[PDB]
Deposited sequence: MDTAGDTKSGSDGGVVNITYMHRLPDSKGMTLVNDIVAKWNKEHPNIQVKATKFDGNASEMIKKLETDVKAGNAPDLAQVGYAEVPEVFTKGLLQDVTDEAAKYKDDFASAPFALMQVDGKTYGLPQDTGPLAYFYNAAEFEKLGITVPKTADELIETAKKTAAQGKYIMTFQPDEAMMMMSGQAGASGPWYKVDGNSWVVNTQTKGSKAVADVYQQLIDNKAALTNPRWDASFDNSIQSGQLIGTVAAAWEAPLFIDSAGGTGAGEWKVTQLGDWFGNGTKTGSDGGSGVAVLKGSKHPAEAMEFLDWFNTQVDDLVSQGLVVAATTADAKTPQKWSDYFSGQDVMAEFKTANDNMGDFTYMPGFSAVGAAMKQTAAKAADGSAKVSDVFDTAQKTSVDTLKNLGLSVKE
């Protein structure tokens, strides 16, 4: 018997199809390839560091969730095992764009699992009650956000603890920060647009500045104070659970608007693959399981995933459609995915993220400017690449 270990950070929230129950199906079918999946016991940003100490000690799993934005980091630290020939067998099960983000220099290190396009969640019933529409332009966004804020209702958030992806995603919808020497410019037209829009919203107290993962964010939904936010597609079931029933049958999803010089494009906020790590003695069996696991479309959608698999179209779960006004929100998430700008990540992006969070907390409380978050991103980007002894231009 070949024994495969898979470490994931999928939510496994009550009501979801739990990873262990999906893996149980494979294990009954495949006596000779027995998989143990475990949910990483930590916050998402601690997982790569735990994989790094596991590889050093030799208690690394065969498979591990790795964000596409983490692939360059774990590649450069030598944690990944080349499984190019295994991946080629499964390539035709997966969308080309996310499959390519599991590759470095024409070698493949795993299979893509999901994408994280940004979209816009809103209470459509409350918009109708307030006599507003989803704003088409940045000027309409700011005007309408002031109009709801004047009734104690908020249509935007600025999430200091999600600076890394909310700021890079909204800004990155209109162009890259990083071009590969590395050429670094986090102060693009898109960065300036996002800084300008969020600075107006914060200055006019027309966005909520609660951290995404704090109780204050949840209380903002449940109280009916929060009636619109940019959101990564995978937040859908997490948002519903955070709502505490508030908004049930009233919410909808639409595309990120043309607010940041992005037109009909959106940005990337997470999205992950599963990598084969250094040390796996059974990469063929690991990748055969992984291809199966990542093509269990309905099971993976239940965890909030906008699946990378092309084998079967993703449907909206009944509970999500119940919450979102009967809307097929997954159809919106697929459109958003199709419209998501390419956005190369540098190795060490997570250190950039860490410094952006601290600046963003100051932007929220008014002791910094939102534009300072993108200056932080520039300095930390260049310093991180120099410290990895990489050639940088700025």
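Asker: Could you please spell out the deposited residue ranges that have no C-alpha entry in the coordinates?
Answerer: Comparing the full sequence with the modelled residues, the uncovered ranges come out as 1 to 14, 195 to 197.
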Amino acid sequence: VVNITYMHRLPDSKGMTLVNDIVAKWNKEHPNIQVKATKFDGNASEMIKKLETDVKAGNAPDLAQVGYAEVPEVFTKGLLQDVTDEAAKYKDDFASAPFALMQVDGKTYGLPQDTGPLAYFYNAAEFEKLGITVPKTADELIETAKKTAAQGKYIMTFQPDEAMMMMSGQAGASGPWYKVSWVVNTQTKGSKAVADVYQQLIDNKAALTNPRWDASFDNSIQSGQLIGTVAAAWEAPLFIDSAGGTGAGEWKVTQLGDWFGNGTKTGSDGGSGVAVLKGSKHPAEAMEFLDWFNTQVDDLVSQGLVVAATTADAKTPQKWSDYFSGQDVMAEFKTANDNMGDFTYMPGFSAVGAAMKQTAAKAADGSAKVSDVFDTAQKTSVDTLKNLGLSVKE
From here on, numbers count along this sequence of modelled residues.
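Asker: If you average the Cα B factors in the entry, which is higher, 234 to 242 or 70 to 78?
Answerer: The entry gives the higher C-alpha B-factor average to 70 to 78.
Asker: Going by the average Cα B-factor in the PDB entry, point out whether 54 to 62 or 333 to 341 comes out higher.
Answerer: It is 54 to 62.
Asker: Going by the entry, which of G175, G131, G270, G110 has the most elevated CA B factor?
Answerer: It is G131.
Asker: In terms of CA temperature factor as recorded, identify the highest of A360, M47, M346, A351.
Answerer: Of the candidates given, the C-alpha B-factor peaks at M346.
Asker: Which third of the chain does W182 land in by C-alpha B-factor: lowest, middle or highest?
Answerer: For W182, whose C-alpha B-factor we compare with every modelled residue in the chain, the answer is the highest third.
Asker: Would you mind ranking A355 by its C-alpha B-factor against the rest of the chain and naming the third, lowest, middle or highest?
Answerer: Lowest third of the chain for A355's C-alpha B-factor.
Asker: Which third, lowest, middle or highest, does the CA B-factor of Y323 fall in along this chain?
Answerer: It belongs to the middle third of the chain when residues are ordered by C-alpha B-factor.
Asker: Split into thirds by Cα B-factor across the chain's modelled residues, where does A24 land: lowest, middle or highest?
Answerer: It belongs to the middle third of the chain when residues are ordered by C-alpha B-factor.
Asker: Mind checking which third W251 falls in for C-alpha B-factor across the chain?
Answerer: Ranked within chain, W251 CA B lands in the lowest tercile.
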